[PDB]
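Residue numbers (UniProt numbering), protein chains in the order written: chain A, 1 to 92; chain B, 2 to 195; chain C, 2 to 238; chain D, 2 to 57.
Cβ coordinates follow ideal geometry from the N, Cα and C atoms, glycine included.
These notes are about the structure you will find just below.
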RNA sequence: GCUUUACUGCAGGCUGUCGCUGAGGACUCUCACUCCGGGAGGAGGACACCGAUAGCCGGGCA
RNA sequence: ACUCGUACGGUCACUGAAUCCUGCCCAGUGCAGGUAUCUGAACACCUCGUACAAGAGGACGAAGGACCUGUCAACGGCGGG
RNA sequence: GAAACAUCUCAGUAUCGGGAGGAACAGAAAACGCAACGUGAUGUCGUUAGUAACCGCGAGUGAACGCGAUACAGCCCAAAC
Ligand SMILES: [Cl-]
Ligand SMILES: [Cl-]
Ligand SMILES: [Cl-]
Ligand SMILES: [Cl-]
Ligand SMILES: [K+]
Ligand SMILES: [Mg+2]
Ligand SMILES: [Mg+2]
Ligand SMILES: [Mg+2]
Ligand SMILES: [Mg+2]
Ligand SMILES: [Mg+2]
Ligand SMILES: [Mg+2]
Ligand SMILES: [Mg+2]
Ligand SMILES: [Mg+2]
Ligand SMILES: [Mg+2]
Ligand SMILES: [Mg+2]
Ligand SMILES: [Mg+2]
Ligand SMILES: [Mg+2]
Ligand SMILES: [Mg+2]
Ligand SMILES: [Mg+2]
Ligand SMILES: [Mg+2]
Ligand SMILES: [Mg+2]
Ligand SMILES: [Mg+2]
Ligand code: NA
Ligand code: NA
Ligand code: NA
Ligand code: NA
Ligand code: NA
Ligand code: NA
Ligand code: NA
Ligand code: NA
Ligand SMILES: [Sr+2]
Ligand SMILES: [Sr+2]
Ligand SMILES: [Sr+2]
Ligand SMILES: [Sr+2]
Ligand SMILES: [Sr+2]
Ligand SMILES: [Sr+2]
Ligand SMILES: [Sr+2]
Ligand SMILES: [Sr+2]
Ligand SMILES: [Sr+2]
Ligand SMILES: [Sr+2]
Ligand SMILES: [Sr+2]
Ligand SMILES: [Sr+2]
Ligand SMILES: [Sr+2]
Ligand SMILES: [Sr+2]
Ligand SMILES: [Sr+2]
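Shown next, in the form of structure tokens:
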């Protein structure tokens with residue numbers, strides 16, 4: 001589906017309507033320093049490693065919308081509940 | 002002023018530098034052709050020996066013992082084993098080589114008791130340790146105020162029971178506080194979780 | 002599964018061993034200090050149980066009696082020599098340096114003084130090709146050109162008993178008798194004729210190997226069977 | 002030939018005999034080892050914890 | 001019990017790297033180390049072996 | 001252990017006396033060889049980061065793989081129209 | 001056991017090797033950390049507590065400091081000279 005790159009909508013920060021910019025959430029890079037990373041190093045030894053021996057599952061036929069709504073004035077962002085969309089293209 | 006002993010000590014802080022380096026490269030050649038346990042007239046490290054309780058006296062013996070380097074020499078499982086227990090390569094023994102050395106020495110001298118031991122280097126495939134042993138039956142020692150404690154019946158085979166300094170160290174008894182919950186008063190009394 | 006036959010072999014049990022106690026002599030080149038001065042007389046010719054070929058009994062000047070790996074044409078009474086300045090005649094042993102090129106040699110040493118390693122079976126021989134101050138090149142019975150230390154001792158002539166392979170065993174009994182004199186388990190049951198549990202090629206409702214026969218060099222014992230690291234197979238192409 | 006009765010008739014070999022050390026007829030005269038006390042195998046007397054229930 | 005391109009692992013083989021290990025991207029050398037030689041001595045040589053780790057193969061085995 | 005053995009050997013497999021013979025196929029799988037380029041771990045090295053460290057990236061790149069070739073008395077195949 | 005099962009659990013259990021005593025082991029702080037102007041070798045008993053902590057964060061696993069008691073004990077070398 002088509003979607004406007006910018007449009008007027010409620011800004012939860014300003015508490016008033018403002019022009020927001022829609023952006024697809026880019027994955028942040030991992031540090032490898034979180035607790036789970038330490039547990040993987042610790043709990044991995046001879047033989048099977050339990051959860052650390054599993055390999056990530058498949059995919060759902062269609063993913064939900066993963067967007068960031070950025071307020072034009074205050075410059076802050078907010079998230080919303082996404083919706084199933086095969087393709088999401090921005091207009092402008 | 003400095004003791005002559007302090008110089009032997011300082012030399013051994015870096016067995017790969019200076020005269021000691023040359024010395025080791027020379028001795029090890031002779032050590033590699035010697036046996037498993039070799040009695041020697043004088044300690045290679047006087048400062049260490051004396052520091053550990055050694056004395057130039059009757060009933061005090063020293064022997065150099067060589068043990069193989071590396072992890073456990075383990076035989077792979079011959080019956081069902083869960084993946085955790087199927088290992089062979091990465092398994093290491095719980096006693097350190099110095100402790101193995103002490104025991105091999107004590108067995109060579111059934112009548113003597115292990116007083117202490119120290120490292121004297123290693124090549125690419127083995128380590129050497131010199132063990133100081135004591136004759137608990139010689140009156141020269143039965144009358145020595147500093148060593149006659151080893152003559153007590155309860156000190157019999159002290160090495161096989163881990164009463165040696167290296168033994169106690171390896172048993173995780175160094176710390177008197179945090180971390181020694183499962184080690185003191187004994188590994189066995191603590192369910193073997195040390 | 003169970004360990005395959007190739008694995009039982011390595012255990013060195015009676016069934017797999019050679020009847021050493023029935024073997025005669027470890028035919029090695031006699032040791033000489035230097036100067037070459039050493040000769041002996043062929044006292045007899047005997048059968049060697051370990052090699053199915055003749056062997057010469059030789060008595061030396063110093064009184065030493067030893068069996069020797071006999072080349073062809075050696076008989077009782079003949080005088081054999083061993084040393085740097087030995088005569089270039091069949092039966093004599095001298096370093097590859099003193100041996101003239103183009104001459105057939107047998108029982109060649111791999112490392113000077115080892116007593117002989119190459120070309121020792123019936124009828125075979127190595128060809129001495131090139132000389133040098135550093136290396137003597139020899140062509141072993143397999144056809145391989147072997148660069149060797151010119152100080153490596155060797156005997157002149159082809160090993161006795163040549164042509165043994167020309168006559169067929171004809172019947173199992175004959176094989177049986179030969180096999181009984183070697184360190185080998187015989188007869189041979191085909192892997193493909195066994196149960197899956199006994200060999201990688203075992204199993205199936207009909208006899209045929211499971212997977213292809215060419216096995217990687219890296220294969221572990223118990224699996225390394227069939228055509229070991231074959232660079233090719235068949236006859237065509 | 003049956004592994005039963007017919008194969009029993011060849012059994013005229015002596016193996017286990019009275020042991021010089023323990024008195025039990027378990028000294029294997031071919032192996033020269035007592036299956037009961039370990040005489041011929043060890044200076045120490047043969048004994049195992051599995052010879053009784055774990056709680057005893 | 002058996003099989004395999006089932007899941008997960010473990011031996012084993014190959015390979016890099018660190019240690020043993022030294023002198024003057026390819027090379028020379030000898031002194032550790034290895035082998036041959038009764039020996040004198042010869043070949044080999046900082047490699048190989050061995051200890052450690054990493055990648056690959058791996059129903060040989062669990 | 002083989003081995004008091006050394007390629008006319010001995011190991012590993014297949015076929016199964018003699019006689020007449022044993023075609024075609026290397027695409028897949030196996031094995032083996034080669035390989036410009038691509039891919040390929042760890043140590044060491046470089047950048048960023050941290051008064052250090054965790055960590056992120058880079059450079060180099062072994063066996064292996066891609067790719068190329070050899071091979072069916074290797075596993076096997078030898079049809080529809 | 002986890003209602004399968006691989007980490008986990010059964011369990012450092014069963015069993016195995018070595019060795020001492022009448023008891024063993026431990027033990028006079030490179031301790032503790034109710035953070036203090038505080039405690040003062042070590043075992044053990046009660047408690048702290050199924051608490052903290054661990055864990056396909058599943059099933060399960062699981063201390064310590066302290067406190068109340070028991071009994072109390074403190075010393076010897078190496079080196080300097
Ligand atoms: Cl999206
Ligand atoms: Cl002792
Ligand atoms: Cl044959
Ligand atoms: Cl307190
Ligand atoms: K289990
Ligand atoms: Mg206790
Ligand atoms: Mg011979
Ligand atoms: Mg033939
Ligand atoms: Mg036989
Ligand atoms: Mg057959
Ligand atoms: Mg059958
Ligand atoms: Mg059947
Ligand atoms: Mg099989
Ligand atoms: Mg058939
Ligand atoms: Mg067939
Ligand atoms: Mg040798
Ligand atoms: Mg299986
Ligand atoms: Mg048939
Ligand atoms: Mg269950
Ligand atoms: Mg569950
Ligand atoms: Mg537990
Ligand atoms: Mg605490
Ligand atoms: Na852990
Ligand atoms: Na002793
Ligand atoms: Na522990
Ligand atoms: Na079954
Ligand atoms: Na093909
Ligand atoms: Na269940
Ligand atoms: Na089950
Ligand atoms: Na777990
Ligand atoms: Sr761990
Ligand atoms: Sr693992
Ligand atoms: Sr799907
Ligand atoms: Sr004793
Ligand atoms: Sr020989
Ligand atoms: Sr010899
Ligand atoms: Sr089959
Ligand atoms: Sr053909
Ligand atoms: Sr029968
Ligand atoms: Sr009988
Ligand atoms: Sr015995
Ligand atoms: Sr027992
Ligand atoms: Sr035929
Ligand atoms: Sr092919
Ligand atoms: Sr007190």
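Item	Value
In chain order, which continuous runs of the alpha helix (DSSP H) of length 4 or greater are located wholly inside the UniProt region "Disordered" (22–63) of chain A?	35–42
So residue 62 of chain A and residue 86 of chain A are in contact, right, with Cβ under 8 Å, and what is the actual spacing, rounded?	5 Å
Using the Cα positions of residue 229 of chain C and residue 223 of chain C, report the straight-line distance between them to the nearest angstrom.	13 Å
What did DSSP end up calling residue 129 of chain B once you bin it into helix, strand or coil?	strand
Using the beta-carbon of each residue, which ones in chain B are nearer than 8 Å to residue 47 of chain A?	83, 84, 85, 86, 87, 88
Does DSSP classify residue 167 of chain B as helix, strand or coil?	helix
Measuring only from the beta carbon, is residue 190 of chain C closer than 7 Å to any heavy atom that is part of ligand 10?	yes
Find the residues of chain A that neighbour residue 91 of chain B, judging by a C-beta separation of less than 9 Å, and give them in chain order.	45, 46
Across which residues does DSSP place residue 119 of chain B in a beta bridge pair?	B/131
I need the straight-line Cα distance from residue 67 of chain C to residue 92 of chain C, nearest angstrom please.	14 Å
Assign residue 20 of chain A to buried or exposed, taking buried as 16 or more other Cβ atoms, counted over all protein chains shown, within 10 Å of its Cβ.	buried
Indicate whether residue 64 of chain C and residue 43 of chain C have their beta-carbon atoms separated by less than 8 Å.	no
Spatial neighbours of residue 80 of chain C within its chain, please: C-beta separation below 8 Å, excluding the five flanking residues on both sides.	40, 41, 42, 43
By the 10 Å Cβ neighbour count, where 16 or more other Cβ atoms means buried, how is residue 82 of chain B classified, buried or exposed?	exposed
Going by Cα to Cα distance, which pick from A/80, A/15, A/22 is closest to residue 89 of chain A?	A/22
Do residue 148 of chain C and residue 159 of chain C have their C-beta atoms within less than 8 Å of each other?	no
Hey, is residue 45 of chain A close to ligand 25, as in C-beta under 7 Å from one of its heavy atoms?	no
Mapping the DSSP letters down to three states, classify residue 17 of chain C as helix, strand or coil.	helix
Can you look up residue 98 of chain B in the DSSP assignment and give me helix, strand or coil?	helix
Cα-Cα, which of C/194, C/204, C/185 is closest to residue 15 of chain C?	C/185
Look at the Cβ atom of residue 6 of chain B, then the Cβ atom of residue 51 of chain B, and state whether they are nearer than 8 Å.	yes
For residue 8 of chain A, report the span of its alpha helix (DSSP H) as first-last.	Careful: residue 8 of chain A lies outside any alpha helix (DSSP H), inside the beta strand (DSSP E) at 6–11.
May I have the straight-line CA-CA distance separating residue 146 of chain B from residue 46 of chain A, to the nearest angstrom?	52 Å
Between residue 163 of chain C and residue 98 of chain C, what straight-line distance do the alpha-carbon atoms span, to the nearest angstrom?	26 Å
Excluding sequence positions up to five away, which residues of its chain have a Cβ less than 6 Å from the Cβ of residue 14 of chain B?	none
Name the residue from C/219, C/220, C/196 whose alpha carbon lies nearest to the alpha carbon of residue 209 of chain C.	C/196
I'd like the span of the beta strand (DSSP E) that includes residue 6 of chain D, first residue to last.	Looking at the DSSP string, residue 6 of chain D is not in any beta strand (DSSP E); the run it does join, the alpha helix (DSSP H), is 6–9.
Please state whether DSSP places residue 192 of chain C in a helix, a strand or coil.	helix
Decide if the stretch 165–184 of chain C is in contact with the stretch 47–65 of chain C; the criterion is three or more beta carbon pairs, one per stretch, under 8 Å apart.	yes
Taking the alpha-carbon positions, what's the residue 120 of chain C to residue 5 of chain C distance?	32 Å
Take residue 80 of chain B as the anchor and find which of C/194, C/206, C/126, C/2 has the nearest alpha-carbon.	C/2
Check whether the stretch 166–177 of chain B and the stretch 94–102 of chain B are in contact - that is, three or more C-beta pairs closer than 8 Å.	yes
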